[PDB]
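Participant: experimental structure and its sequence below.
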Amino acid sequence: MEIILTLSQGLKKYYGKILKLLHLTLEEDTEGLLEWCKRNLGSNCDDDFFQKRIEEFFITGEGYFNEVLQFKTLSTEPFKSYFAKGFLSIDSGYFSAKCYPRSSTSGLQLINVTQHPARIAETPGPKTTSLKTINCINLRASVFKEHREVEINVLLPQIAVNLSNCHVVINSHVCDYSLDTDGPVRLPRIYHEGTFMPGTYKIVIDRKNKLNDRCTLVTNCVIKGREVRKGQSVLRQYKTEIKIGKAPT
Amino acid sequence: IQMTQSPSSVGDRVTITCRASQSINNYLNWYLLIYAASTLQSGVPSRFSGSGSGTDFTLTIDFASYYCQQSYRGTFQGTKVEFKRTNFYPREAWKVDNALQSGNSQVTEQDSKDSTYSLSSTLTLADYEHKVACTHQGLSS
Amino acid sequence: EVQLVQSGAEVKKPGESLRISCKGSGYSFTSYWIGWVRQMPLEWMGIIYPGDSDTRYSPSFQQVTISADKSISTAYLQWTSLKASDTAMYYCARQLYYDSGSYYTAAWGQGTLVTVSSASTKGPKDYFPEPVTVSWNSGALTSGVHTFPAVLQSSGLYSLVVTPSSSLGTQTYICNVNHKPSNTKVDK
Ligand SMILES: *[C@@H]1O[C@H](CO)[C@@H](O[C@@H]2O[C@H](CO)[C@@H](O[C@@H]3O[C@H](CO)[C@@H](O)[C@H](O[C@H]4O[C@H](CO)[C@@H](O)[C@H](O)[C@@H]4O[C@H]4O[C@H](CO)[C@@H](O)[C@H](O)[C@@H]4O)[C@@H]3O)[C@H](O[C@H]3O[C@H](CO)[C@@H](O)[C@H](O)[C@@H]3O)[C@H]2NC(C)=O)[C@H](O)[C@H]1NC(C)=O
Ligand SMILES: *[C@@H]1O[C@H](CO)[C@@H](O[C@@H]2O[C@H](CO)[C@@H](O[C@@H]3O[C@H](CO)[C@@H](O)[C@H](O[C@H]4O[C@H](CO)[C@@H](O)[C@H](O)[C@@H]4O)[C@@H]3O)[C@H](O)[C@H]2NC(C)=O)[C@H](O)[C@H]1NC(C)=O
């Protein structure tokens, strides 16, 4: 029955649970964390506890904080450090993420992902768009030939961009981290008056390392069409396969 | 969640061991005398030494009471280490006419001169005022 | 240097509320954890951070309440309803990487005796509260004298000798007993 956790192990397990609730990881390693919490923190670690910690870190933030995501009330050596760093290294051991605390721009960017639109059925659009040309409204593409690097700026986070045989690093205004799992890119979600997801993320790819030679992004592109009266909710949806391979000409 | 429930002279430099129910790394701070299961506190004589691992520890050597503590939940057993000679020594030591009495009813520190103990038992009981009496290593019978 | 001074001994009745204190000096009273430990006539009770703090009561041990005021650097241990089982000594202790080398350090006060009993102050067998002082011939006989510790009886009252007829027998009975709580001086 011995499930004693060391401080680093317990912290990694807490971070794994945080990542799981952020929907960045599908798994967690947390066995023995209830007693670890009740012993090294003094409070219960139920779901509500985690929700409130993530809330008060990313929203309703209060000045200084510690590595366990605890703040010092409002006004101003274990957890009693409360050293507001520029970042927090949420590392569970299985997946790392550099999460940023609240400011004046992260509070402006918090949207409430609580519903979802109906997009458009499927406009007769092409599936073999390249990188240079896009013309999408949800997608912006930057190519730094000086670094052999590609930034894929997305403007519509609800529209997914599944990766395949790819190794990317997405930088958000809430948390920067790298993704290698093929499929939908996973973004953090705080439940605070609803589920809150970041307003935009950026997908950087290093074309140097041949790691993303076979990298294919299947995504959805948005372009206005014809209007029966006004372009009132003019149609704008068609699937597309974007290739990153270093194919000349 | 169980904790340390399994543990363990005439100027004899001795040693007290201890165990536990689960692994506890190397703390068992002994009392302040020794922490980190071996480290000596500033102001403690060097004749006290600590050793061992989570399953069992040892403390090797002022005759008084001692024992250890865990640094997780639960923490702290007590052993008493003073005994010399042969009022009486060592420490380990009612018949009314109607069997042993329903009316069952019911020691000093080691004397600093002869290293002996003094014990007293009191039998509290009216209507009797029956008619008729109150074992040690030094006694053959 | 660092010093911990506890509140005086408390004699209360069952059902009465009680609050004992521990004041620290020679240190900030904000970084080194401070805890209470019970010893019935050692059982770890609780710990809290000295500055802004929650509380770490021992499992199952938590009905008492431990608190602290950092404005006066004073920790408190309180009972809402005392039981006879709470009669014991209570030690406050300041204490300084994981569990080891951390807050359960036991880096102590003089101890606070708490006696829970419905009995009232009475001189002596059957006296309350402790202590009584017993001498022989006003302190003239010490060789062979053994004064036993008091034993709490079921009635709630405390109760508690020198040794040949060839040893210059003169007196046929002596004892000088003093009970200052009830101001009794008895010569037998
Ligand atoms: C990147 O990868 C993601 C994840 O796979 C992918 O998102 C998925 O896109 C597909 C393709 O459009 C979409 O398709 C449905 O998949 C679900 C299984 O999740 C399945 O139920 C669907 O079958 C039809 O029925 C459902 C229920 O009605 C429809 O919602 C759906 O649109 C399908 O088409 C029609 O169904 C009836 C027909 O009368 C009508 O309601 C209507 O006409 C509708 O058009 C497809 O296989 C996934 O869509 C949603 O499906 C269920 C519906 O219950 C939801 O609960 C899911 O949460 C989901 O939102 C969609 N999401 C997934 C799989 O999670 C992207 O398309 C990929 N990007 C690309 C390809 O660029
Ligand atoms: C955020 O988007 C919404 C528009 O959808 C809007 O404000 C949000 O409204 C929803 C729905 O009322 C709020 O979610 C509620 O939270 C309360 C908390 O007590 C719950 O009781 C609610 O449950 C009931 O409502 C459900 C609504 O779907 C019903 O299904 C049912 O009757 C439930 O009993 C519900 O969960 C949400 O908290 C607000 N969000 C905010 C931020 O106010 C507004 O347009 C958007 N706000 C923005 C952009 O700031």
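Facilitator: That came in fine, so what should we check first? Numbering: from 1, shown residues only, chains lettered A, B, ... in the order given. Ligands and ions are numbered 1, 2, ... in the order given.
Participant: going forward, measure contacts between C-alpha atoms and count neighbours the same way
Facilitator: Will do.
Participant: what about residue B:42, neighbour count?
Facilitator: Residue B:42 is flanked by 10 other residues according to other C-alpha atoms under 10 Å in any protein chain shown.
Participant: host element of it?
Facilitator: Take DSSP states H and E as the rule and residue B:42 turns out to sit in neither a helix nor a strand.
Participant: and it, how far from ligand 1?
Facilitator: As judged by C-alpha to the nearest ligand atom, to the nearest Å, residue B:42 and ligand 1 stand 64 Å apart.
Participant: distance check, that residue against residue B:70.
Facilitator: 20 Å (C-alpha to C-alpha, to the nearest Å).
Participant: so what's the residue count around the closest residue to residue B:125 other than its chain neighbours?
Facilitator: In space, and not counting its chain neighbours, residue B:125 is closest to residue B:103: 6.4 Å by C-alpha to C-alpha, 6 or more residues apart in numbering or on different chains. Neighbours of residue B:103 under the rule other C-alpha under 10 Å: 9.
Participant: and residue B:103, how far from residue C:151?
Facilitator: From residue B:103 to residue C:151 the distance is 18 Å (C-alpha to C-alpha).
Participant: which stretches of chain A form strands?
Facilitator: A:88-91, A:96-99, A:139-144, A:149-154, A:161-164, A:168-172, A:175-179, A:190-191, A:195-196, A:201-206, A:216-221, A:238-243 (DSSP state E).
Participant: which parts of the third one are buried?
Facilitator: Along strand A:139-144, the positions that meet the burial threshold by neighbour count (16 or more other C-alpha atoms under 10 Å in any protein chain shown) are A:139, A:140, A:141.
Participant: give me the angle between it and strand A:149-154.
Facilitator: Per axes from the mean of the first three to the mean of the last three C-alpha atoms, to 10 degrees, the angle that strand A:139-144 makes with strand A:149-154 is 160 degrees.
Participant: what sits against the residue nearest the centre of chain A?
Facilitator: Ranked by distance to the mean C-alpha position of chain A (C-alpha atoms, centre = their mean), the top residue is residue A:187 at 2.7 Å. Residue A:187 sits next to A:22, A:23, A:24, A:197, A:198 when contact means C-alpha atoms under 8 Å, 6 or more residues apart in numbering or on different chains.
Participant: nearest to ligand 1, of these?
Facilitator: Distance to ligand 1 across the contacts of residue A:187 (C-alpha to the nearest ligand atom) is lowest for residue A:23, with 13.9 Å.
Participant: give me the neighbour count for the closest residue to the closest one other than its chain neighbours.
Facilitator: Take residue A:23 and drop its neighbours on the chain: the residue closest to it by C-alpha to C-alpha, 6+ apart is residue A:188, 5.8 Å away. Neighbour count for residue A:188, taken as other C-alpha under 10 Å: 19.
Participant: kindly report the same for residue A:19.
Facilitator: Neighbours of residue A:19 (other C-alpha under 10 Å): 24.
Participant: domain-wise, how is chain B divided?
Facilitator: B:1-82, B:85-141 (automatic domain parsing).
Participant: and the ones you listed as CSV, adding distance to residue C:30?
Facilitator: Conversion of the domains of chain B to CSV gives the following (distance: least, C-alpha to C-alpha, whole Å):
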stretch, distance to residue C:30
domain B:1-82, 20
domain B:85-141, 41
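Participant: tell me the most buried of these?
Facilitator: Comparing these by mean neighbour count (mean count of other C-alpha atoms under 10 Å in any protein chain shown), domain B:1-82 ranks first with a mean of 16.
Participant: from start to finish, how long is stretch A:210-229 in a straight line?
Facilitator: Distance between the boundary residues of stretch A:210-229 (C-alpha to C-alpha) amounts to 50 Å.
Participant: how about it against ligand 1, any contact?
Facilitator: Yes: legend: contact between stretch A:210-229 and ligand 1 by C-alpha under 6 Å from any ligand atom is shown at A:218, A:219, A:220.
Participant: out of those, who's near chain C?
Facilitator: For chain C, no contacts are drawn from these by C-alpha under 8 Å from any C-alpha of the partner chain.
Participant: TSV please, covering the residues you listed and showing neighbour count.
Facilitator: Below are those laid out as TSV (neighbours: other C-alpha atoms under 10 Å in any protein chain shown):
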residue	neighbour count
A:218	20
A:219	18
A:220	21
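Participant: can I get the domains of chain B in TSV including distance to ligand 2?
Facilitator: Shown next, in TSV, are those (distance: least, C-alpha to the nearest ligand atom, whole Å):
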stretch	distance to ligand 2
domain B:1-82	38
domain B:85-141	66
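Participant: out of the ones you listed, which comes closest to residue A:192?
Facilitator: domain B:1-82 (34.2 Å; C-alpha to C-alpha).
Participant: tell me the contacts of residue A:246?
Facilitator: A:207, A:213.
Participant: same thing with residue C:163?
Facilitator: With C-alpha under 8 Å, 6+ apart, residue C:163 has these contacts: C:144, C:145.
Participant: swap the cut-off to 10 Å and go again
Facilitator: C:143, C:144, C:145, C:146 (C-alpha atoms under 10 Å, 6 or more residues apart in numbering or on different chains).
Participant: tally of neighbours for the first one?
Facilitator: When neighbours are counted by other C-alpha under 10 Å, residue C:143 registers 8.
Participant: where exactly do the strands run in chain B?
Facilitator: B:15-19, B:34-35, B:39-40, B:49-53, B:56-60, B:65-66, B:79-80.
Participant: between these, which one is closest to residue C:180.
Facilitator: Closest among the strands of chain B, once you apply C-alpha to C-alpha, is strand B:65-66, at 30.8 Å.
Participant: gap between that closest one and the chain center?
Facilitator: Remark: strand B:65-66 is offset 8 Å from the chain centroid, using C-alpha atoms, centre = their mean, to the nearest Å.
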